[PDB]
Amino acid sequence: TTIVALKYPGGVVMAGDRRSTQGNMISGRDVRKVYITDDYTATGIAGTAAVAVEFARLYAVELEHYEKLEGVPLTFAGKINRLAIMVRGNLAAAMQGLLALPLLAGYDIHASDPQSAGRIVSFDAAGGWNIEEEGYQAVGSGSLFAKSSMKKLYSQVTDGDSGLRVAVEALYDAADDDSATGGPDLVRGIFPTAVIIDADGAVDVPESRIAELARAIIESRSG
Amino acid sequence: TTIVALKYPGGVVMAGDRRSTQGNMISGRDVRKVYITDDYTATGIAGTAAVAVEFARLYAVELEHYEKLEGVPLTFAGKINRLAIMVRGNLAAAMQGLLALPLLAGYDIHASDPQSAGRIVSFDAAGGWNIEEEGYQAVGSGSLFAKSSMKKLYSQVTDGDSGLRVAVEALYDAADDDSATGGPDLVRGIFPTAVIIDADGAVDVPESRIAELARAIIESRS
Amino acid sequence: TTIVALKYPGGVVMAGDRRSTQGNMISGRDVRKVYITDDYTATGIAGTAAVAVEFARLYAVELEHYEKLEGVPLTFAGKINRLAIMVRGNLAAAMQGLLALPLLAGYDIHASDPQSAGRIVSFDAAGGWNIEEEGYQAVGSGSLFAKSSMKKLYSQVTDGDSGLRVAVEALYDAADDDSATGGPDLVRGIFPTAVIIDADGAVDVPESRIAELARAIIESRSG
Amino acid sequence: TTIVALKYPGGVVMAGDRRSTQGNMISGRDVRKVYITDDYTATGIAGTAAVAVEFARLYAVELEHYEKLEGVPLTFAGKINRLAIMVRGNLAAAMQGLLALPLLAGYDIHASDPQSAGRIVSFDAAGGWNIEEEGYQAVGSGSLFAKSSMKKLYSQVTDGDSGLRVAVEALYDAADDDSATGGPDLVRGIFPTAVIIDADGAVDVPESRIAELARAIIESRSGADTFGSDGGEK
Amino acid sequence: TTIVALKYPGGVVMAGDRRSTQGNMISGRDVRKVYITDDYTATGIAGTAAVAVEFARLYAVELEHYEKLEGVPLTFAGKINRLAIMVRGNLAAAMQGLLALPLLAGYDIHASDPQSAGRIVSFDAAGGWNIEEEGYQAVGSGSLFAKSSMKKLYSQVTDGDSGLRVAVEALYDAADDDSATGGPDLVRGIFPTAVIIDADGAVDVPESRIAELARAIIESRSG
Amino acid sequence: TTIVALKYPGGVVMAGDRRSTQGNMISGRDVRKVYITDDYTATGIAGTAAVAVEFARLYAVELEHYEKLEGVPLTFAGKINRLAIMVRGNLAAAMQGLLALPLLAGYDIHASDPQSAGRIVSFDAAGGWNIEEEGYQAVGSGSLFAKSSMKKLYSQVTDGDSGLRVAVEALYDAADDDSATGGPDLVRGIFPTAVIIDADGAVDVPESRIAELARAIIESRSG
Amino acid sequence: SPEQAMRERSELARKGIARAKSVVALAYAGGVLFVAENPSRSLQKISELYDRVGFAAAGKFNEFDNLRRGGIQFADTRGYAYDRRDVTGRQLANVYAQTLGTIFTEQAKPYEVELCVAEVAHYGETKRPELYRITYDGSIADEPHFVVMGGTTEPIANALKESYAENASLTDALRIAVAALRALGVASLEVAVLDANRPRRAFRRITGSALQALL
Amino acid sequence: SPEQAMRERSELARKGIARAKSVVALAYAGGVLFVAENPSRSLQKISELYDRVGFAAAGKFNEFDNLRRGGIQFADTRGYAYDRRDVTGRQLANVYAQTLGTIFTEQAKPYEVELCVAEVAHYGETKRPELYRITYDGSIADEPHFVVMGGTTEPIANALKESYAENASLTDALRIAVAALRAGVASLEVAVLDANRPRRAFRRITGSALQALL
Amino acid sequence: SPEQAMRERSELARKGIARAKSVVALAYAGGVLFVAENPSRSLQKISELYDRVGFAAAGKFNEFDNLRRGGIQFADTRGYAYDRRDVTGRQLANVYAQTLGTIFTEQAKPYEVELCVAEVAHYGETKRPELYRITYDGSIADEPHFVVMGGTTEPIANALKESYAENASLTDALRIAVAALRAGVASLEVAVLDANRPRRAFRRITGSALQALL
């Protein structure tokens, strides 16, 4: 599994692969790993698939529960704290073999500068969270390759479309160097899913645009 | 044990073998492993026989209990969630040697397109569920052989009868490559059981039809 | 990680590095490890990063809670006792790999002599505490190198600026001898953070002054 | 760590070193290990420093709490029993590396003979206590050397000053034979702390007197080394 | 440690040594191991010294508590049962190293024949009690040697003084064959303690009598 | 230890030895192992001595408690069930080294035939019970030798006296082939204890008759 | 008014006790003799508490039966805890008095019962038998000769006080007890004795042909 | 209303105490002498609390017997916790007063009891014996010479006040106590807290010894 | 009516407090002086709460003694938890006021007590001593010069208002306190919170020492 998130001027984009494996055998080919928790945050979770789905569902439920009870949405740091608390509470299960590492990308409406309102937060196994300042982050088995690819490709990020292309290329490199991460399946027409967050909210990226970007990347690599 | 389920236009069919073993010894020859949980879903559970029977009974009881209490049956996703919760809660016993892996097949009445209302759901040891979009799935010791056979035979499925024949042939292949899976017993007249679910509900397939299909397959491969 | 603290006439200064590592891999470059708990104390915690952040947050919350409840801030010895109780209670988790060692520097308003009101307290893994009497103390992996450098450099401390320079030089030596301690990153413009406490309270040191001191130290070392 | 206590006619004196270590590293140089629990008893605890400080504070709190609640201080045997109960309770933590061995010295105002009212009590890991009636006792890693030195030096004790000198010399010998015990630091001017208890109560010994005694002992040892030899060879 | 008890016409006498050891080092030289629990019974406990003292104190407290509550002392068998219950309850701690083996000797006022009213009771680690019929018993590390000496010397017991001499000689033999048992220390003037129980109750034997007997034995064996 | 029980026309007899050992050392020579629980049943327990005494005491107390509460004694099967429940409950302690195996002999007053009213019940470590239909049974370390002797000697049993003689001879054989079982001690005059139960109740056999039988057996086997 | 409540409870208990049958217990040479008016065959007003301790009561059956069961439980627990010889009738009487006082003070309705605890000497021992009478309110009295409870106690008490013979035989004691009680055959009487000559358990029932012969 | 109930409870307790027997305890040369008008042989109104502490009470038996058991439990717990010499009659008297006040205030019916806690000095020590009286309400008074409880106390108190003499011997103290109590050995309970005893001062004088003393 | 119940409780508490002895505590040069009219030698109405905190009360003994024990427990717990110097008399006064208000409102009978909490400055420090009076209903008032509790306070209050003199020595303060209390040694309990003491300021002056100052 590999989930990437990077900042572009005016928002943030998160993308993830579609493969789940049981050792060396391939068990899933269309697993969705990026979720829209609320109108301005998206959470991607890597590790055990069941724990990831349960974590995303519980986190979204908690956020909506607080928003309905208090009549005002939580601040970004409050959401970070709740996610960190959940990650720390799952420590015993992670030791038993149910590890789950999330990745949080959001757009802070209350931020002063609209162009720098995008936020990326990474977590460790002990619950420690750090707000990324270099503009990109990745989690999963192929996270190192995607992060190294983004370290070289981040200079091309100028808007949402270029950032989406860079994220897709980083996922392609991660799948190219890691067998646990699946690449763009042209035979079955299965492509990674992406979420773009800006001042207007978080919207799922249509499959056609991601397919076009993946085909362009593959054709560039071929020649 | 091997339980197969595949989608055909207008419904879904699930079938399973009849053999239960204790190591190498054969302890049972007519074990039923496919249950009609309600009017539109069927559940097949592989692993320890006692755990499978208890799981099927408890799941059916819970579904009927909710339907009677609320006056409205659960949605398909609610049934999936309850089954996943049960599987996740059985993790401690599974780690000690009482593993049970279910396989859920159903027909969604509230689905938009009737021809694609069939649903197949698979579960893992951690309680995670995934709605299968490939059109077929199998669980048990001989699951890999049955899935590999269905990967080649699924192009012949056009209706309920062809799907039933494909499921029977997949079970035959799984029993051919796995000793723990029982094949068609022509001496005792014991054949795998199947359930067909469509817009009219879930019905048990009569033994004569499955016997005809099994004999046709055996004569084809002889 | 390396956090240093030294006494100068009329106050106390604490500084810490900015690097966090997961084994040999470098996971963070702008980690802040020195916190202002209240108007006259500063706490630096070494070890696991998540435990350090949680300890600082909980300690500040407890001190402010007592101050609001009783209408009068705790005495310095009371703060020491509360921190020691927290360290002792963290022992079971510390044995499992969640160790956190704090370092407390503060200014005693109720002390008789204003020029000797600076206080430095160090803690061990068993919760025991000792009020430092030699004028300096350090915690972390690179604590030994920084302490030995301060042993030779402490004779040059005559005011706040000289003490800050000595603390920065000690951190530079600790980073020079320890790979887990990050040095001044001139390429990224990241420098250690420092806090100066005196009769007017605890204030953060601006990054420009620390950058100037680090550049002066680097130029001295190069020639 | 090493704490010594000895009886002299009319009172008792307890002294302890100032060093704390973490393995071979020296982590402390002015640690105080002798506490005045109440007006007529002093307690010294060896082992883990944190457990020692916590035990001293808790024991003093318990004694003062009983005195305030009942309006009359506990008898000496009652204090011994409470300390033994605390030591016995700490057995589980001691088995895990948090051992603390206390040493109790006090003056019994209710004793018949004023000159023999001094008391020394030693404890073991199981909480058992024995009132030492040979005149001296020691605890800590270097306790054996200090006890053997006091065995030879106890004949010189005739009053408080001689007892203090003997205690300082015993601590010097213990530090001479034990690396974990710190000796008199003349460079930094750090000397062991002592407490003297008599009919007028327990009072801390001023540092100047202990410094003078330590300097005299060091000069005597240097002079003896100058006079002495390896059977004729230096 | 070694504690001996034997019956003489008209009473019973119990004696014990004075040495306590921690491995090979001698830690105590005047330990008292024989206690007068009530007016007509004596208890000697061997094993861990702290556990022995606690057992004696608790047993005496319990016996006096019952006597005050009911206005009538317990029967001898009731005392035996209570001591056995305490020993049985101490089994878990005894398995961990805190072993305590008591020895009970008493005079039964309710017995028919006054000359045969002496009683000796021995206990095991499981709490089993056995009323001794041989006329003597011993517990401790040197119990075997003292018992074997009493087997050859019991024919000389005709009154309290002869029984006391035999007990002292048995303790001397046990100390002569066991290093954990202390013998008569003539340099320090420390001698074993003894208790004599008869129709008039339990009384302590003065040190002068025991010292005289020990010196007589030593002079007998010196030539 | 060895306890034997056998049926004779008109009653039942149970006998046991007098030796208790701690390893190879002999700790007791007059231990009584056969108890009269009530007017028509006798219980013999083998294994740990303390557990045996406690079991006998508790069983007698429970039976008498029921008789006093209900005004009618328990049926024989009820007594068997109570003893079996106690043995089953002692399983955890038995696995820790406190094993106790009882042996129950009783006279059924409610039995139709007075000449066949004798009952012998044997218990296992799991609490299972079995009513013996062969006329004899034994428990303890020397149980096998005693049972093999009784298998050959049971044809001589015609009344109470012959049954008592056969039981004494079986105990003699068991002590002859097992060091843990003590034989007739002619030096000290200590002989095994026996209990005879008939229609008139359970009474203790006087020591003189058992001594006569033991001397007769010894003289027969001497030549 | 608390005084009014106390008087009401005392009258209620007295009326409850007076309406029941009469139980008489007197000491003789061989121990303590219990004779009670009981037409029933299953319900019994005389029972055994311990080896040398007896029990007698009169009043509401379900109350003193529960008290008897509690006393048996206490006696067995004390005997197993310390020793059998550490259990005495004095302790049982004290426990009964405390329990009855608590019931008479705190419970909604006081127990309409009147207990009698008897104790004899052990085997091979000489001691005057001890008789205790416990009332509904917790009061305990020591009776050296005989105890009369239940029904109209005045005529039976006077008849016993005039016809009491010290160290009388069993037959004479039974005759005196029956004659005083009537002021009544085997079918309507229950007889039990605390035979001090018994080795361990002194309680024994004398009914059937033996009782008729003794009558 | 609260004062009406207070007076009701006070009258009830006073009437209950006045209907019982009289107990006298006075300090003499050898310690404290206890004399009670107790016709029974099994029920006892005088008991021992600890080594140097005695107990005396009058009123309803099941109440002060429970109080005596509680006091014995407290004394033994305190003695085993810290030390035997840390147990004093003052602490027992304070506990009794607090318990009786709580019972008088919170329970349905106050206890109709009147306690007396006496304490003598330890062996080889000189100190005037201490006498404490605790009443039904909870008030505790310190008496230096004698305590009279239960029944009609005024004639007995006046007779003692006229006939009291310090440092009186045991025989003289017994004569004075009996003479004041009247205003036989078969209906008298006698106990002494003998300060000359090494550890346990309490001792009962019954049988021919009491006849010899009288 | 609830107002009638409040009136009944207030009258009962006032009558109970007025029936007891009078306790006076006034600040002087050396700290706080405690003088109470107590004929008993065992029961004490003046005690120590902490290093620099004293206690004085008047009324029913079994109530303010329990309150004193609770306050000592609270002070020791607070001192061990944070630090000894974190314990102040104001916190003790607040806790006492809250507890007395809860008792006065919820409990069946209000406590007939009147507490005085005094606090002196630490060693080597200068600060005016503080006095706190807590009433039966929970009301707490701060008195700058003196506190008079128990019995008839109006004559004593007027006498102190006319005769008080700040910074007076111990002897003059004791004379003023005794003279105002009248409006001997065997009937007075005297304790001082000596601010010159190093750590523990509470100290009792009894016997010949008390006679010398009189």
Side-chain angles (χ1 to χ4, degrees), chain E residues 68 71, chain H residues 21-38 44-59 64-65 67-72 74-76 78-79 84-97 99-100 113-123 125-135 139-150 153 156-157 160 164-170 172-174 176-178 180-181 188-205, chain I residues 40-43:
Chain E
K68 287 185 297 182
Chain H
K21 301 295 184 177
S22 298
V23 185
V24 287
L26 35 74
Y28 71 108
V32 182
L33 171 62
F34 289 99
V35 171
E37 186 179 358
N38 185 255
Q44 296 175 339
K45 311 176 66 179
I46 308 170
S47 177
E48 171 188 2
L49 290 182
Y50 210 70
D51 301 357
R52 325 296 295 185
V53 184
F55 182 85
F64 73 80
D65 196 71
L67 263 55
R68 171 195 71 97
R69 291 183 178 268
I72 289 182
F74 172 82
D76 284 3
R78 275 300 191 91
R84 309 187 64 88
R85 280 179 172 264
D86 290 321
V87 182
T88 55
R90 171 181 172 270
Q91 303 175 0
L92 275 303
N94 198 319
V95 170
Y96 276 157
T99 301
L100 276 183
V113 297
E114 184 170 336
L115 306 176
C116 177
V117 180
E119 181 183 6
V120 301
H122 295 268
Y123 182 79
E125 197 180 31
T126 58
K127 188 192 66 175
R128 172 179 287 99
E130 307 181 18
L131 307 178
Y132 299 88
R133 177 177 60 248
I134 301 93
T135 59
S139 301
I140 163 181
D142 198 328
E143 307 296 331
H145 289 178
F146 48 82
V147 182
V148 181
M149 308 171 301
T153 60
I156 307 182
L160 280 180
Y164 184 81
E166 291 189 355
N167 295 269
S169 63
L170 178 59
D172 307 329
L174 181 57
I176 295 172
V178 171
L181 191 62
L188 280 180
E189 183 180 6
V190 177
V192 291
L193 285 179
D194 182 65
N196 198 23
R197 225 87 173 278
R199 186 174 60 89
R200 297 183 62 177
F202 192 83
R203 179 177 56 90
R204 292 185 178 272
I205 306 177
Chain I
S40 179
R41 65 175 184 179
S42 302
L43 309 184

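Every heavy atom of this structure was used, including side-chain atoms; hydrogens, water molecules and symmetry mates were not. A note on names: the letters A, B, ... follow the listed sequences, proteins ahead of strands, and every chain is numbered from 1.
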Decide side chain to side chain contact (heavy atoms under 4.5 Å, CB included) for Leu92(H) and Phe74(H); before the verdict, give the C-alpha distance in whole Å, the side-chain angles of both, and the deciding distance to 0.1 Å.
-> CA-CA 8 Å; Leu92(H) 275 303; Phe74(H) 172 82; 3.6 Å; yes
Identify the two heavy atoms, one from [X] and one from [Y], that lie closest to each other, and give their separation to 0.1 Å.
X: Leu115(H); Y: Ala57(H); result: CD2-CB, 3.7 Å
X: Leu181(H); Y: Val35(H); result: CD2-CG1, 4.1 Å
X: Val32(H); Y: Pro129(H); result: CG2-CB, 3.7 Å
X: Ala177(H); Y: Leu26(H); result: CB-CD2, 4.2 Å
X: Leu193(H); Y: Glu119(H); result: CD1-N, 4.5 Å
X: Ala121(H); Y: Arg52(H); result: O-NH2, 2.8 Å

With a 4.5 Å limit on heavy-atom distance, are the side chains of [X] and [Y] in contact?
X: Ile156(H); Y: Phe146(H); answer: no
X: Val178(H); Y: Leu188(H); answer: yes
X: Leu100(H); Y: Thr135(H); answer: no
X: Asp76(H); Y: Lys68(E); answer: yes
X: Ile205(H); Y: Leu174(H); answer: no

Pairwise distance [atom1]([X]) to [atom2]([Y]) - rounded to 0.5 angstrom:
X: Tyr96(H); Y: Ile140(H); atom1: OH; atom2: CD1; value: 12.0 Å
X: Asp142(H); Y: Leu131(H); atom1: CG; atom2: CG; value: 7.5 Å
X: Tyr132(H); Y: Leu43(I); atom1: OH; atom2: CG; value: 8.0 Å
X: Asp51(H); Y: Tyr123(H); atom1: CG; atom2: OH; value: 15.0 Å
X: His122(H); Y: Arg84(H); atom1: NE2; atom2: CZ; value: 10.5 Å

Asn94(H) and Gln91(H): CA distance, side-chain angles, deciding distance, side chain to side chain contact (heavy atoms under 4.5 Å, CB included) verdict = CA-CA 5 Å; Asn94(H) 198 319; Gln91(H) 303 175 0; 5.7 Å; no
Return the set of residues passing salt bridge (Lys or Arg N to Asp or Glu O under 4.0 Å) with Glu143(H) (not counting sequence neighbours), or none when no residue passes.
->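 Listed in chain order: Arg133(H).
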Non-neighbouring partners of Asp172(H) that pass salt bridge (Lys or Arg N to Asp or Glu O under 4.0 Å), sequence neighbours left out =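 Here no residue qualifies.
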Restricting to ring pair (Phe, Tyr, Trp, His ring centres under 6.0 Å), what partner residues turn up for [X], sequence neighbours left out?
X: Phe64(H); answer: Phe61(H)
X: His145(H); answer: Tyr164(H)
X: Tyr50(H); answer: none

Side chain to side chain contact (heavy atoms under 4.5 Å, CB included) evaluation trace for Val190(H) with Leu33(H) = CA-CA 8 Å; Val190(H) 177; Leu33(H) 171 62; 4.0 Å; yes
Go through the steps to decide whether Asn167(H) and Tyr28(H) satisfy the test side chain to side chain contact (heavy atoms under 4.5 Å, CB included), and finish with yes or no.
-> CA-CA 5 Å; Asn167(H) 295 269; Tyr28(H) 71 108; over 6 Å; no
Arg204(H) and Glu189(H) ion-paired at < 4.0 Å |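 Answer for the salt bridge query: yes.
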Side chain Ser22(H), main chain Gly150(H), donor-acceptor under 3.5 Å |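 Present.
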What pairs meet the side chain to side chain donor-acceptor pair (under 3.5 Å) rule with one or both residues in residues 191-200 of chain H, with sequence neighbours excluded?
->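 Qualifying pairs, neighbours excluded: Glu64(E)-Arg199(H), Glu48(H)-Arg200(H).
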